[PDB]
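Asker: Data: model_24.txt, compact mmCIF, N, CA, C and O atoms.
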```
# COMPACT_ATOMS: atom_id res chain seq x y z
N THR M 16 -36.85 -22.64 138.82
CA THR M 16 -36.25 -21.42 138.30
C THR M 16 -36.98 -20.93 137.05
O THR M 16 -37.72 -21.69 136.42
N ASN M 17 -36.76 -19.67 136.69
CA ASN M 17 -37.37 -19.13 135.47
C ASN M 17 -36.47 -19.32 134.25
O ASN M 17 -36.98 -19.49 133.14
N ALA M 18 -35.15 -19.20 134.44
CA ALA M 18 -34.06 -19.51 133.52
C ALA M 18 -33.99 -18.63 132.27
O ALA M 18 -33.06 -18.80 131.48
N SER M 19 -34.92 -17.67 132.10
CA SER M 19 -35.10 -16.71 131.01
C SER M 19 -34.88 -17.24 129.60
O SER M 19 -33.91 -16.84 128.95
N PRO M 20 -35.73 -18.14 129.07
CA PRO M 20 -35.57 -18.52 127.66
C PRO M 20 -35.97 -17.42 126.69
O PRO M 20 -35.48 -17.42 125.56
N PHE M 21 -36.87 -16.51 127.09
CA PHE M 21 -37.35 -15.41 126.26
C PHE M 21 -37.64 -14.21 127.18
O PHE M 21 -37.77 -14.37 128.39
N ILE M 22 -37.72 -13.01 126.58
CA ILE M 22 -37.75 -11.76 127.33
C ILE M 22 -38.67 -10.73 126.69
O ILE M 22 -38.87 -10.73 125.47
N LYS M 23 -39.14 -9.78 127.51
CA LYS M 23 -40.04 -8.70 127.11
C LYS M 23 -39.43 -7.33 127.38
O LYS M 23 -38.63 -7.16 128.30
N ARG M 24 -39.80 -6.35 126.54
CA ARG M 24 -39.14 -5.04 126.57
C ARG M 24 -40.10 -3.88 126.79
O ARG M 24 -39.84 -3.02 127.66
N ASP M 25 -41.20 -3.82 126.03
CA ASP M 25 -42.03 -2.66 126.17
C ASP M 25 -42.82 -2.76 127.45
O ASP M 25 -43.04 -1.72 128.04
N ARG M 26 -43.11 -3.98 127.96
CA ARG M 26 -43.77 -4.14 129.27
C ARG M 26 -42.96 -3.50 130.39
O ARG M 26 -43.51 -2.80 131.25
N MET M 27 -41.64 -3.58 130.26
CA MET M 27 -40.76 -2.93 131.20
C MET M 27 -40.72 -1.41 130.94
O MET M 27 -40.61 -0.63 131.91
N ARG M 28 -40.80 -0.96 129.67
CA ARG M 28 -40.90 0.49 129.39
C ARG M 28 -42.09 1.12 130.10
O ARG M 28 -41.97 2.13 130.81
N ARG M 29 -43.22 0.43 130.02
CA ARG M 29 -44.42 0.78 130.77
C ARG M 29 -44.23 0.71 132.29
O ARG M 29 -44.67 1.65 132.99
N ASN M 30 -43.56 -0.32 132.81
CA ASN M 30 -43.28 -0.43 134.25
C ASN M 30 -42.45 0.75 134.75
O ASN M 30 -42.72 1.30 135.83
N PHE M 31 -41.50 1.21 133.94
CA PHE M 31 -40.77 2.42 134.30
C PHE M 31 -41.58 3.70 134.08
O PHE M 31 -41.25 4.72 134.69
N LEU M 32 -42.61 3.68 133.21
CA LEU M 32 -43.52 4.83 133.13
C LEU M 32 -44.29 5.00 134.43
O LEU M 32 -44.52 6.13 134.88
N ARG M 33 -44.70 3.89 135.04
CA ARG M 33 -45.31 3.99 136.37
C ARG M 33 -44.29 4.25 137.47
O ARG M 33 -44.63 4.85 138.49
N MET M 34 -43.05 3.78 137.29
CA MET M 34 -42.03 3.95 138.31
C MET M 34 -41.56 5.40 138.40
O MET M 34 -41.32 5.91 139.49
N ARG M 35 -41.41 6.06 137.26
CA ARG M 35 -40.92 7.44 137.23
C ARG M 35 -42.05 8.44 137.50
O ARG M 35 -43.16 8.06 137.84
N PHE W 638 -17.12 -2.21 130.02
CA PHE W 638 -17.85 -1.72 131.17
C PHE W 638 -16.87 -1.46 132.30
O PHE W 638 -16.08 -2.34 132.66
N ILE W 639 -16.91 -0.25 132.86
CA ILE W 639 -15.99 0.10 133.93
C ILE W 639 -16.45 -0.54 135.24
O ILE W 639 -17.60 -0.94 135.40
N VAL W 640 -15.51 -0.68 136.18
CA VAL W 640 -15.79 -1.20 137.51
C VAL W 640 -15.00 -0.37 138.51
O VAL W 640 -13.80 -0.18 138.34
N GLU W 641 -15.67 0.13 139.54
CA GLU W 641 -14.96 0.59 140.72
C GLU W 641 -14.82 -0.59 141.68
O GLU W 641 -15.75 -1.39 141.84
N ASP W 642 -13.62 -0.74 142.26
CA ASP W 642 -13.41 -1.79 143.25
C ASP W 642 -14.20 -1.51 144.52
O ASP W 642 -14.93 -2.37 145.00
N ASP W 643 -14.05 -0.30 145.07
CA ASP W 643 -14.71 0.04 146.31
C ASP W 643 -16.20 0.22 146.08
O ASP W 643 -16.65 0.47 144.96
N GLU W 644 -16.97 0.06 147.15
CA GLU W 644 -18.42 0.20 147.10
C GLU W 644 -18.96 0.39 148.50
O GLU W 644 -18.60 -0.36 149.42
N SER W 645 -19.81 1.40 148.68
CA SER W 645 -20.53 1.59 149.94
C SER W 645 -21.48 0.42 150.20
O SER W 645 -21.64 -0.01 151.35
N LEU W 646 -22.07 -0.13 149.14
CA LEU W 646 -22.84 -1.37 149.24
C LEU W 646 -21.97 -2.59 149.44
O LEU W 646 -22.51 -3.69 149.65
N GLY W 647 -20.65 -2.47 149.37
CA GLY W 647 -19.82 -3.57 149.78
C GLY W 647 -18.72 -3.94 148.82
O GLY W 647 -17.77 -3.17 148.63
N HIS W 648 -18.85 -5.14 148.24
CA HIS W 648 -17.73 -5.89 147.70
C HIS W 648 -17.03 -5.21 146.53
O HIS W 648 -15.98 -4.60 146.76
N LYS W 649 -17.63 -5.16 145.34
CA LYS W 649 -17.08 -4.75 144.04
C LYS W 649 -18.24 -4.62 143.06
O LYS W 649 -19.13 -5.47 143.05
N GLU W 650 -18.21 -3.58 142.23
CA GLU W 650 -19.35 -3.36 141.35
C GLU W 650 -18.95 -2.59 140.10
O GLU W 650 -18.08 -1.72 140.13
N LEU W 651 -19.62 -2.92 138.99
CA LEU W 651 -19.63 -2.06 137.83
C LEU W 651 -20.51 -0.85 138.09
O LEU W 651 -21.53 -0.93 138.78
N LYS W 652 -20.10 0.30 137.54
CA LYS W 652 -20.66 1.58 137.95
C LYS W 652 -22.07 1.79 137.41
O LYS W 652 -22.89 2.41 138.10
N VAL W 653 -22.37 1.27 136.22
CA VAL W 653 -23.65 1.54 135.57
C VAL W 653 -24.77 0.81 136.30
O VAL W 653 -24.58 -0.24 136.92
N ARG W 654 -25.94 1.44 136.30
CA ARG W 654 -27.08 1.03 137.10
C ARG W 654 -28.32 0.95 136.21
O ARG W 654 -28.28 1.27 135.02
N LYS W 655 -29.42 0.53 136.83
CA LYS W 655 -30.68 0.30 136.11
C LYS W 655 -31.29 1.60 135.60
O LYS W 655 -31.96 1.60 134.57
N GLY W 656 -31.07 2.71 136.31
CA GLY W 656 -31.67 3.97 135.90
C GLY W 656 -31.09 4.51 134.61
O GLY W 656 -31.82 5.08 133.79
N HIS W 657 -29.78 4.33 134.42
CA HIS W 657 -29.13 4.78 133.19
C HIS W 657 -29.64 4.01 131.98
O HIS W 657 -29.95 4.61 130.94
N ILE W 658 -29.79 2.70 132.11
CA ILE W 658 -30.25 1.91 130.98
C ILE W 658 -31.75 2.10 130.77
O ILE W 658 -32.24 1.99 129.64
N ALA W 659 -32.48 2.47 131.83
CA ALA W 659 -33.87 2.87 131.67
C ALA W 659 -33.98 4.16 130.87
O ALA W 659 -34.86 4.29 130.00
N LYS W 660 -33.08 5.11 131.12
CA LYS W 660 -33.05 6.35 130.36
C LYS W 660 -32.65 6.10 128.91
O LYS W 660 -33.16 6.77 128.00
N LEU W 661 -31.75 5.14 128.68
CA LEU W 661 -31.40 4.73 127.33
C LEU W 661 -32.59 4.14 126.59
O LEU W 661 -32.79 4.41 125.40
N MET W 662 -33.37 3.31 127.30
CA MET W 662 -34.57 2.72 126.72
C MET W 662 -35.59 3.79 126.37
O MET W 662 -36.23 3.73 125.31
N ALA W 663 -35.74 4.78 127.25
CA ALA W 663 -36.66 5.88 127.02
C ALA W 663 -36.23 6.73 125.83
O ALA W 663 -37.07 7.17 125.04
N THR W 664 -34.93 6.96 125.68
CA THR W 664 -34.43 7.74 124.55
C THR W 664 -34.58 6.98 123.24
O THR W 664 -34.85 7.59 122.20
N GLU W 665 -34.41 5.66 123.27
CA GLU W 665 -34.62 4.87 122.07
C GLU W 665 -36.08 4.86 121.66
O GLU W 665 -36.40 5.03 120.48
N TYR W 666 -36.99 4.72 122.62
CA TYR W 666 -38.41 4.73 122.27
C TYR W 666 -38.99 6.13 122.19
O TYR W 666 -40.21 6.26 122.00
N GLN W 667 -38.17 7.17 122.36
CA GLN W 667 -38.61 8.53 122.08
C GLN W 667 -38.95 8.70 120.60
O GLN W 667 -39.95 9.36 120.27
N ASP W 668 -38.14 8.10 119.72
CA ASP W 668 -38.34 8.01 118.27
C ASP W 668 -38.44 9.38 117.58
O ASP W 668 -37.93 10.37 118.10
N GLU W 678 -32.55 12.00 125.88
CA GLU W 678 -31.64 12.65 124.94
C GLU W 678 -30.25 12.04 125.06
O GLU W 678 -29.27 12.64 124.62
N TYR W 679 -30.17 10.86 125.65
CA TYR W 679 -28.91 10.15 125.73
C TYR W 679 -28.49 9.61 124.37
O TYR W 679 -29.31 9.22 123.54
N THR W 680 -27.19 9.63 124.13
CA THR W 680 -26.52 8.90 123.07
C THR W 680 -25.48 8.00 123.70
O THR W 680 -25.30 7.97 124.92
N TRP W 681 -24.77 7.27 122.84
CA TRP W 681 -23.59 6.55 123.26
C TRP W 681 -22.51 7.51 123.75
O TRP W 681 -21.87 7.27 124.78
N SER W 682 -22.33 8.62 123.04
CA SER W 682 -21.41 9.67 123.47
C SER W 682 -21.89 10.34 124.74
O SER W 682 -21.09 10.69 125.62
N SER W 683 -23.21 10.53 124.87
CA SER W 683 -23.76 11.13 126.07
C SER W 683 -23.81 10.17 127.24
O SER W 683 -24.23 10.58 128.32
N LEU W 684 -23.49 8.90 127.02
CA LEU W 684 -23.10 8.01 128.10
C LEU W 684 -21.60 8.03 128.33
O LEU W 684 -21.15 7.77 129.46
N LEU W 685 -20.82 8.31 127.29
CA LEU W 685 -19.37 8.28 127.40
C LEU W 685 -18.84 9.44 128.24
O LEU W 685 -17.87 9.27 128.99
N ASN W 686 -19.49 10.60 128.14
CA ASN W 686 -18.93 11.85 128.66
C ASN W 686 -18.81 11.86 130.18
O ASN W 686 -17.84 12.39 130.73
```
Would you write out, as structure tokens, the structure that this file holds?
Answerer:
Amino acid sequence: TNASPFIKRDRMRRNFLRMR
Amino acid sequence: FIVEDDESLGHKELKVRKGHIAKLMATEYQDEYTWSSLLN
């Protein structure tokens, strides 16, 4: 499992820039 | 967080989705949603 000990935010902002 | 019991996808779900929080993220990093503009 990955279990999420830490997380990223702007990488996802960018992923939604490509998604939208 | 609100929940509708019924769902076309099935069992039970809270109404808010990934697109709304994506728009919230976009408005925060804009530097036009607010908390009130989610409330309305």
Asker: Between atom CA of residue W:646 and atom N of residue W:659, what is the distance, to one decimal in Å?
Answerer: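 Straight-line distance from atom CA of residue W:646 to atom N of residue W:659 works out to 20.3 Å.
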Asker: Could you jot down the atom CA of residue M:20 to atom CA of residue W:679 separation for me, Å, one decimal place?
Answerer: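 So the answer is 29.5 Å.
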Asker: For stretch 650-656 of chain W, find every residue with an atom within 12 Å (counting only C-alpha atoms), except residues of its own chain fewer than 3 positions away, and show them as number ranges by chain.
Answerer: M: 27-28, 31, 34-35; W: 638-647, 659-663, 684-685
Asker: If you run DSSP on the backbone here, which positions in chain M get helix (DSSP H, G or I)? Please write them as number ranges by chain.
Answerer: M: 25-34
Asker: Please produce an output containing N, CA, C and O atoms for each residue in the selection, written as a tab-separated table (two decimals), in the frame of the given file.
Answerer:
```tsv
chain	number	residue	atom	x	y	z
M	25	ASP	N	-41.20	-3.82	126.03
M	25	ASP	CA	-42.03	-2.66	126.17
M	25	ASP	C	-42.82	-2.76	127.45
M	25	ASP	O	-43.04	-1.72	128.04
M	26	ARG	N	-43.11	-3.98	127.96
M	26	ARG	CA	-43.77	-4.14	129.27
M	26	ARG	C	-42.96	-3.50	130.39
M	26	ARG	O	-43.51	-2.80	131.25
M	27	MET	N	-41.64	-3.58	130.26
M	27	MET	CA	-40.76	-2.93	131.20
M	27	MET	C	-40.72	-1.41	130.94
M	27	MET	O	-40.61	-0.63	131.91
M	28	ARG	N	-40.80	-0.96	129.67
M	28	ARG	CA	-40.90	0.49	129.39
M	28	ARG	C	-42.09	1.12	130.10
M	28	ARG	O	-41.97	2.13	130.81
M	29	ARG	N	-43.22	0.43	130.02
M	29	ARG	CA	-44.42	0.78	130.77
M	29	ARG	C	-44.23	0.71	132.29
M	29	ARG	O	-44.67	1.65	132.99
M	30	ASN	N	-43.56	-0.32	132.81
M	30	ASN	CA	-43.28	-0.43	134.25
M	30	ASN	C	-42.45	0.75	134.75
M	30	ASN	O	-42.72	1.30	135.83
M	31	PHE	N	-41.50	1.21	133.94
M	31	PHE	CA	-40.77	2.42	134.30
M	31	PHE	C	-41.58	3.70	134.08
M	31	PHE	O	-41.25	4.72	134.69
M	32	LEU	N	-42.61	3.68	133.21
M	32	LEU	CA	-43.52	4.83	133.13
M	32	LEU	C	-44.29	5.00	134.43
M	32	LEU	O	-44.52	6.13	134.88
M	33	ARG	N	-44.70	3.89	135.04
M	33	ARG	CA	-45.31	3.99	136.37
M	33	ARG	C	-44.29	4.25	137.47
M	33	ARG	O	-44.63	4.85	138.49
M	34	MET	N	-43.05	3.78	137.29
M	34	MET	CA	-42.03	3.95	138.31
M	34	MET	C	-41.56	5.40	138.40
M	34	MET	O	-41.32	5.91	139.49
```
Asker: Please measure the separation of atom CA of residue W:686 and atom O of residue W:657, giving the value in Å to one decimal.
Answerer: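 Separation of atom CA of residue W:686 and atom O of residue W:657: 13.4 Å.
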Asker: With all atoms of stretch 26-29 of chain M from the file as input, state the centre and edge lengths in Å to one decimal of the axis-aligned box that has 3 Å extra on each side, as AutoDock Vina command-line options.
Answerer:
```
--center_x -42.6 --center_y -1.0 --center_z 130.5 --size_x 10.1 --size_y 12.3 --size_z 11.0
```
